[PDB]
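Here's the letter readout for the chains.
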Amino acid sequence: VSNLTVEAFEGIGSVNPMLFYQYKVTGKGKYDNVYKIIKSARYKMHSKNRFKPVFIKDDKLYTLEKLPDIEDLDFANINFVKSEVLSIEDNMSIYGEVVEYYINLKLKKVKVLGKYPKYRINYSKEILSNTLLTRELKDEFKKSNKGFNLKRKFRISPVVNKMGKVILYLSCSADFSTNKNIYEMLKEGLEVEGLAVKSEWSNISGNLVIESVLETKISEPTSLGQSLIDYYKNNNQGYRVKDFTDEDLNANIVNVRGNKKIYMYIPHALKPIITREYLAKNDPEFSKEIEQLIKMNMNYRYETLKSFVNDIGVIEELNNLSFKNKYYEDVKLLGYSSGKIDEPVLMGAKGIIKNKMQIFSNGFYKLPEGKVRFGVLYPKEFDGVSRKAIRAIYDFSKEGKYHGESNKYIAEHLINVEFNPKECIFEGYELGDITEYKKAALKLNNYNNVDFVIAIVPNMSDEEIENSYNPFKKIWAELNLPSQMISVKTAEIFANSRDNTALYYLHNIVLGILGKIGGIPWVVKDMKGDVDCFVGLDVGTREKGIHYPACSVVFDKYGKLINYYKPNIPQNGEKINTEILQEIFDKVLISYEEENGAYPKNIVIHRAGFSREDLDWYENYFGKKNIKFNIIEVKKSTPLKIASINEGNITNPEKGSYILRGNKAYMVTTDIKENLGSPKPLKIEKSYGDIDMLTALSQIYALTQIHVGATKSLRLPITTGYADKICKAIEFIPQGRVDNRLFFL
DNA sequence: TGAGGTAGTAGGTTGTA
DNA sequence: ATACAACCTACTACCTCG
Ligand SMILES: [Mn+2]
């Protein structure tokens with residue numbers, strides 16, 4: 001066996017309680033509230049004074065060294081108050097801020113390859129290291145001949161205990177930017193209209209996209225009224241723009257939509273946002289090179305943070321403070337509790353299934369109401385490839401005969417399907433306007449002889465002729481007719497190949513067509529812990545001013561889906577009204593009632609989303625309905641990656657390994673081997689209840705093993721995950737009865 | 001959209017100290 | 001009576017799957 005760890009570093013030696021210098025601030029300016037301008041006075045006095053540390057207490061300000069009272073600042077008149085040795089047990093936070101400042105100050109000076117400063121730093125938790133680590137432990141730059149720069153963005157976040165030992169929390173991430181800019185684009189003469197950009201010289205909310213390039217000169221009076229060069233002279237940014245040569249002032253104005261008004265800027269002032277789209281559009285070979293760099297297994301992350309922490313060395317302003325290089329031998333010494341969950345025993349038609357894959361030799365758990373008829377929209381120039389593809393998937397689904405060869409790996413009649421090419425209908429479509437796609441789906445609606453669509457779509461790639469997926473999904477959703485779609489690439493794979501890649505494609509295709517007609521393929525044999533039904537919820541927070549409604553789901557102790565639900569009436573902002581909770585749980589109790597003849601006696605409410613709800617609603621509710629219950633909150637994205645240790649060897653964890661502290665616990669739900677990344681585990685936090693977190697983790701990991709639209713695990717469990725997919729697909733709600741036939745899966 | 005895993009990139013909002 | 005750090009959302013790209 002083996003241990004687990006969190007990526008953290010214990011500091012050798014301790015922090016001594018140092019003499020800190022108090023400073024009050026007062027709002028001379030228009031913002032009388034200093035609490036809304038404490039950061040601005042902080043950063044200005046920290047800036048103007050050799051970047052000596054300038055910290056923030058609840059309403060005051062610290063420096064570790066003596067900086068005089070400076071009152072030139074038009075909003076803040078900083079004055080000295082007292083000089084007291086700050087007790088560490090009073091402020092864990094400010095001594096952690098010291099450890100942060102001293103790692104940033106030790107690491108500013110650290111250069112690489114002689115001239116080159118390694119870590120571009122501005123004294124915060126985020127540390128940009130210019131050089132990288134390869135797999136062979138070489139500090140090398142990674143750039144292209146275009147010029148796209150991979151950079152590690154290290155994240156320190158140190159904390160220090162009551163007496164003075166320090167804990168350094170690290171997490172490494174990749175980062176793209178390019179040394180080029182849009183000025184470097186146009187002086188090279190490339191097209192820029194439509195590009196996502198980032199203004200370093202003015203901080204603007206919303207996401208920026210390039211509208212156009214005016215041929216008008218940047219050195220003339222503007223529609224703002226004065227020249228933009230005077231606009232940045234009044235920005236006091238003259239140390240950058242004074243570097244402008246005659247060709248620099250020869251440049252042209254480039255405007256960019258900023259969701260409120262276009263911004264009249266110069267191309268030098270903008271970098272393009274380097275989404276990985278922009279990489280593959282601008283250097284594919286580089287992207288294929290760095291994909292082994294950005295996805296990181298744990299040995300590589302340990303080498304990366306080992307380089308980082310050796311670049312700390314020893315810091316001496318904290319009295320010869322140094323951090324170790326290794327991780328922990330156990331998280332017990334940090335305060336979490338480890339373990340790995342038993343993998344759930346899973347059952348199918350003939351009882352227990354051994355692999356998740358041989359269900360197609362075992363047959364499905366439950367089949368829906370009888371007989372279903374297929375139907376395919378196809379491109380009129382992609383006919384025979386499509387016909388061989390449908391013949392492959394239907395001979396799989398009915399005959400079990402893999403590209404014309406029967407195998408004992410496939411069982412007959414695994415759906416009770418009805419398809420016959422002399423009987424059925426394939427309406428065709430031309431790859432064209434979306435209104436043709438819509439009227440084609442209507443024409444396949446006008447014959448009431450199809451019971452299930454398998455449409456064919458153009459690809460997720462291919463910016464050419466318009467993608468047919470979403471208008472089909474809208475029009476087939478409003479019919480409440482499920483539709484497992486297939487790309488033309490997938491059609492070519494089924495038509496060309498005879499090999500088992502088409503079998504993998506076909507596995508996921510058939511589990512999709514099952515889970516959309518409401519059949520459920522496999523379920524757990526026995527749920528650990530005594531629970532009747534699960535309840536998902538989530539609310540999406542999409543853009544500025546977006547307040548979504550909670551879409552539930554309800555499973556059983558077998559975990560098979562029973563009902564999901566969309567509320568009646570609108571909520572109070574994003575804070576959901578209590579009667580929507582009432583309405584949902586009314587549908588929950590009647591759903592489990594008329595599906596199993598009894599009220600639920602244990603309800604696990606896996607919630608994503610914030611506690612805009614109130615627990616005492618649930619307390620009064622399930623006290624009057626006198627049934628115990630459990631609200632485990634699942635938070636989907638967490639930065640705390642987890643590593644395994646086998647005698648110093650740092651590997652990615654096997655799935656189902658967890659770490660736990662009280663009422664928060666982390667756990668990986670997916671097996672990723674080497675070469676592919678570090679598993680980004682789950683965040684689970686029991687807001688209420690009377691069950692041990694061990695059993696809630698066991699139920700969550702089993703509900704990641706019952707994803708029913710794949711042969712592999714969903715990272716989220718099917719409660720929160722299917723709640724999330726429904727909340728993305730809020731246009732795909734049921735017309736009438738809100739029952740089953742998962743449109744998302 | 002196989003399909004969902006990691007991975008980035010922007011971006012908004014609170015929950016807890 | 002207000003923080004800031006996690007969450008969470010949106011789109012892609014890579015890459016594997018008896
Ligand atoms: Mn699907």
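Residues numbered from 1 in each chain as written, not as in the entry; some residues may be left out. Chains lettered and ligands numbered in written order. Heavy atoms only, no water.

This part takes up the overall build of chain A. If you tally the helices and strands in chain A, you get 18 helices and 42 strands. For 745 residues, the compact-globule estimate of 2.2 N^0.38 gives 27 Å, and the C-alpha radius of gyration of chain A, at 30 Å, lies within 12% of that figure. Each of the three principal axes of chain A carries a C-alpha extent, and together these read 90 × 65 × 55 Å. Across the 745 residues of chain A, 50% fall into the buried class. Here chain A has roughly 36700 Å² of accessible surface; of this, 49% comes from carbon and sulfur atoms. If you average the places of the 107 positive and of the 95 negative side-chain charges in chain A, the two averages end up 2 Å apart. (Helix = DSSP H or I, 4+ residues; strand = E, 2+ residues; numbered from the N terminus. Rg over C-alpha atoms; globule rule 2.2 N^0.38 Å. Buried < 20%, exposed > 50% of the residue type's maximum accessible area, 1.4 Å probe, protein only. Areas by Shrake-Rupley, 256 points an atom, 1.4 Å probe, with all protein chains shown as cover. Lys, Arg positive; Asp, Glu negative; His and termini not counted. Charge placed at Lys NZ, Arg CZ, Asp CG, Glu CD.)

Let's shift gears to the side chain of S397. Secondary-structure assignment places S397 in helix α10 (residues 383-399). Contacts of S397, omitting those with residues within four sequence positions, involve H413, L414, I415, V510 and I513. (Contact = heavy atoms within 4.5 Å.)

We now examine a nonpolar patch on the surface. Judged by side-chain polarity, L113, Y116 and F141 come together as a nonpolar surface patch covering roughly 310 Å² of accessible area. Along the chain, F141 turns up in the loop between β12 (139-140) and β13 (148-160). (Patch = residues over 30% accessible without salt bridge, like charges linked within 9 Å, V, L, I, M, F, W, Y side chains within 5 Å. Salt bridge = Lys/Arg side-chain N within 4 Å of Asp/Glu carboxyl O.)

On to the sheet that holds strand β33 (residues 523-524). Within the open sheet, the three strands sit side by side as β24-β23-β33. Their pairing is antiparallel. Pairing within the sheet leaves two strands with one partner each, and these edge strands are β24 (351-353) and β33. The sheet contact formed by strand β23 (residues 346-348) and β33 spans two bridges and is antiparallel. Of the residues in β33, the one forming a bridge with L346 is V524. (Pairing = 2+ DSSP bridges.)

Before going further, it helps to spend a moment on the protein's contact with DNA strand C. The environment of DNA strand C is formed by 29 residues, the closest being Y35, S287, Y504, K636 and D724. Within the contact set of DNA strand C, a sugar or linking oxygen lies 3.5 Å away from a backbone nitrogen or oxygen of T541. In this structure, a phosphate oxygen belonging to DNA strand C sits 2.5 Å away from a side-chain N or O atom of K636. Secondary structure elements with two or more residues in the surface near DNA strand C: α6 (276-282), α7 (284-294), α14 (501-516) and α18 (718-728). Partitioned by chemical class, the residues of the surface near DNA strand C number eight nonpolar, six polar and 15 charged. (Near = heavy atom within 4 Å. Polar contact = N/O pair within 3.5 Å; in protein donor to acceptor, adjacent residues only side chain to side chain. Nonpolar A, V, L, I, M, F, W, Y, C, P; charged D, E, K, R; others polar.)

With that out of the way, let us pick up the protein's contact with DNA strand B. Inspection of the region around DNA strand B gives 48 residues, with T490, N508, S678, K712 and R715 positioned closest. Each atom of DNA strand B within 4 Å of the protein was assigned to sugar, phosphate or base; sugar and phosphate come to 73%. A distance of 3.2 Å separates a base nitrogen of DNA strand B from a polar atom in the backbone of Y504. Of all the elements, α14 adds the most residues to the surface near DNA strand B, at five residues. For the surface near DNA strand B, the class distribution of residues is 21 nonpolar, 16 polar and eleven charged.

What follows concerns the environment of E647. As for its placement among the helices and strands, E647 is situated in the loop between β38 (642-646) and β39 (649-651). Note on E647: relative accessible area 77%, which makes it exposed. As for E647 and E329, which are separated by 318 residues in sequence, their C-alpha atoms are 9.0 Å apart.

The next point concerns the pairing of strand β18 (residues 262-265). Where strand β17 (residues 252-257) lies against β18, four bridges are found, and the strand directions are antiparallel. Bridged to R257 within β18 is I262. The hairpin turn running from β17 into β18, its antiparallel successor, is four residues long, and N259 in that turn takes a positive phi close to 70°.

Segmenting chain A into domains produces domain 1 (19-85), domain 2 (196-272), domain 3 (367-516) and domain 4 (523-638 + 681-728). The gap between the C-alpha centroids of domain 1 and domain 3 is 66 Å. (Domains from an automatic or database assignment.)

With that out of the way, let us pick up the packing of helix α13 (residues 488-496) against α14. The contact between α13 and α14 brings their axes to 9 Å, and the two run at 130°. Considering the angle they form, α13 stands oblique to α14. You can see that α13 and α14 cross each other, and the crossing is left-handed. Contact residues: α13 offers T490, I493 and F494, while α14 offers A502, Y505 and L506. Partitioned by chemical class, the residues of the contact of α13 with α14 number five nonpolar, one polar and no charged. (Axes fitted to C-alpha atoms, helices over the stretch in contact; angles between N-to-C directions. Parallel < 35°, antiparallel > 145°, perpendicular 65-115°, else oblique. Left-handed = near helix turned anticlockwise from the far one by under 90°.)

What the rule picks out here adds up to 21 salt bridges. Between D139 and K118 there is a salt bridge, with the nearest N and O atoms lying 3.9 Å from each other. Of the two residues, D139 is situated in strand β12 and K118 in the loop between β8 (116-117) and β9 (119-120); the sequence distance between them amounts to 21 residues. Across the pair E685 and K635 runs a salt bridge whose closest N-O atoms are separated by 2.6 Å. Taken together, the positions of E685 in strand β42 (residues 682-688) and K635 in strand β37 (residues 629-635) put the pair 50 residues apart, joining distant regions of the chain. Accessibility expressed as a relative area gives 14% for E685, which makes it buried.

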